[PDB]
Amino acid sequence: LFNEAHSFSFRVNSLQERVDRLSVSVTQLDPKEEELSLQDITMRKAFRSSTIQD
Amino acid sequence: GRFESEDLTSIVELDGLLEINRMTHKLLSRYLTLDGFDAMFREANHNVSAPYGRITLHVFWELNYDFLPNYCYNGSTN
């Protein structure tokens, strides 16, 4: 039991660090300065979710 | 992708199929913890990392190449 609980703890700490970073980043998003490139709509690489399967 | 290989008039069949998929997600969510339907839809539409998605890009393509040069308006019936 304890081994996997410890693994969960590690994962939770990593996710907490990431969430703190993301929150401080999101608080300073600028909409008026936001610029979107019409020309680069498809040459951009699409986001893909994880597909791990045991 | 099935929308992308059809004319502009198939948008209705598209949103019908999307509603079926949303109902399926709602049913399966009663037991499984899936990604939100919005997240899944945006991932499938390439609308996460980019401003516009595939559906709007194909809408514009269809407009330009098939709608403006091939259709006739009727004022009374609209």
# chains A, B, ... in the order shown; residues from 1 in each chain; ligands from 1
$ closest_atom_pairs --of "chain A" --to "chain B" --cutoff "8 Å" --atoms "only C-alpha atoms" --output "JSON lines"
{"residue": "A:36", "atom": "CA", "partner": "B:51", "partner_atom": "CA", "distance": 6.8}
{"residue": "A:41", "atom": "CA", "partner": "B:50", "partner_atom": "CA", "distance": 6.3}
{"residue": "A:44", "atom": "CA", "partner": "B:50", "partner_atom": "CA", "distance": 7.2}
{"residue": "A:45", "atom": "CA", "partner": "B:49", "partner_atom": "CA", "distance": 7.6}
{"residue": "A:46", "atom": "CA", "partner": "B:46", "partner_atom": "CA", "distance": 5.7}
{"residue": "A:47", "atom": "CA", "partner": "B:49", "partner_atom": "CA", "distance": 5.8}
{"residue": "A:48", "atom": "CA", "partner": "B:43", "partner_atom": "CA", "distance": 6.7}
{"residue": "A:49", "atom": "CA", "partner": "B:43", "partner_atom": "CA", "distance": 7.6}
$ write_last_selection --atoms "N, CA and C atoms" --output "PDB file, in the first residue's frame"
ATOM      1  N   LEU A  36      -3.354  36.979 -33.365  1.00  0.00           N
ATOM      2  CA  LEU A  36      -3.504  35.598 -33.890  1.00  0.00           C
ATOM      3  C   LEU A  36      -3.046  35.585 -35.348  1.00  0.00           C
ATOM      4  N   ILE A  41      -2.571  29.184 -39.656  1.00  0.00           N
ATOM      5  CA  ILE A  41      -3.628  28.359 -38.991  1.00  0.00           C
ATOM      6  C   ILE A  41      -3.312  26.858 -39.050  1.00  0.00           C
ATOM      7  N   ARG A  44       0.672  25.089 -38.039  1.00  0.00           N
ATOM      8  CA  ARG A  44       0.898  24.848 -36.621  1.00  0.00           C
ATOM      9  C   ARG A  44       0.619  23.389 -36.282  1.00  0.00           C
ATOM     10  N   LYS A  45       1.397  22.850 -35.347  1.00  0.00           N
ATOM     11  CA  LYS A  45       1.246  21.460 -34.937  1.00  0.00           C
ATOM     12  C   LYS A  45       0.103  21.327 -33.943  1.00  0.00           C
ATOM     13  N   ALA A  46      -0.798  20.386 -34.204  1.00  0.00           N
ATOM     14  CA  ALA A  46      -1.989  20.230 -33.388  1.00  0.00           C
ATOM     15  C   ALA A  46      -1.659  19.586 -32.047  1.00  0.00           C
ATOM     16  N   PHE A  47      -2.485  19.889 -31.054  1.00  0.00           N
ATOM     17  CA  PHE A  47      -2.338  19.299 -29.733  1.00  0.00           C
ATOM     18  C   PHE A  47      -2.989  17.927 -29.718  1.00  0.00           C
ATOM     19  N   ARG A  48      -2.283  16.947 -29.160  1.00  0.00           N
ATOM     20  CA  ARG A  48      -2.768  15.579 -29.070  1.00  0.00           C
ATOM     21  C   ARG A  48      -2.735  15.140 -27.617  1.00  0.00           C
ATOM     22  N   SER A  49      -3.840  14.577 -27.151  1.00  0.00           N
ATOM     23  CA  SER A  49      -3.908  14.082 -25.791  1.00  0.00           C
ATOM     24  C   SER A  49      -3.173  12.752 -25.678  1.00  0.00           C
TER      25      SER A  49
END
$ residues_around --residues "residue 14 of chain B" --least-positions-apart "2" --cutoff "10 Å" --atoms "only C-alpha atoms" --output "compact mmCIF listing (two decimals) with N, CA and C atoms, in the first residue's frame"
# COMPACT_ATOMS: atom_id res chain seq x y z
N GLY B 1 -14.14 14.63 -40.09
CA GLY B 1 -13.60 14.27 -41.39
C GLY B 1 -14.67 13.95 -42.40
N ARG B 2 -15.78 13.38 -41.95
CA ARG B 2 -16.90 13.12 -42.83
C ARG B 2 -17.55 14.41 -43.28
N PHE B 3 -17.56 15.42 -42.41
CA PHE B 3 -18.01 16.74 -42.85
C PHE B 3 -17.08 17.31 -43.90
N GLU B 4 -15.77 17.15 -43.72
CA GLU B 4 -14.80 17.78 -44.61
C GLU B 4 -14.88 17.27 -46.04
N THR B 9 -24.11 21.97 -47.31
CA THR B 9 -25.42 21.60 -46.82
C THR B 9 -25.38 20.47 -45.79
N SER B 10 -24.23 19.85 -45.58
CA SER B 10 -24.11 18.75 -44.64
C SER B 10 -23.80 19.20 -43.22
N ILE B 11 -23.80 20.51 -42.97
CA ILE B 11 -23.54 21.01 -41.62
C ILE B 11 -24.62 20.53 -40.66
N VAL B 12 -25.85 20.36 -41.15
CA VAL B 12 -26.94 19.88 -40.30
C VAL B 12 -26.69 18.43 -39.89
N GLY B 16 -26.07 17.11 -36.01
CA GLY B 16 -26.82 15.96 -35.52
C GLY B 16 -25.92 14.87 -35.00
N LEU B 17 -24.88 14.53 -35.76
CA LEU B 17 -23.93 13.52 -35.30
C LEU B 17 -23.20 13.99 -34.05
N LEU B 18 -22.88 15.28 -33.98
CA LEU B 18 -22.22 15.80 -32.79
C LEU B 18 -23.11 15.70 -31.57
N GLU B 19 -24.41 15.92 -31.74
CA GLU B 19 -25.34 15.76 -30.63
C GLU B 19 -25.44 14.30 -30.20
N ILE B 20 -25.45 13.37 -31.15
CA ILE B 20 -25.43 11.96 -30.79
C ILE B 20 -24.19 11.65 -29.97
N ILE B 55 -13.62 22.88 -38.69
CA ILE B 55 -14.98 23.09 -39.18
C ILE B 55 -15.10 24.45 -39.84
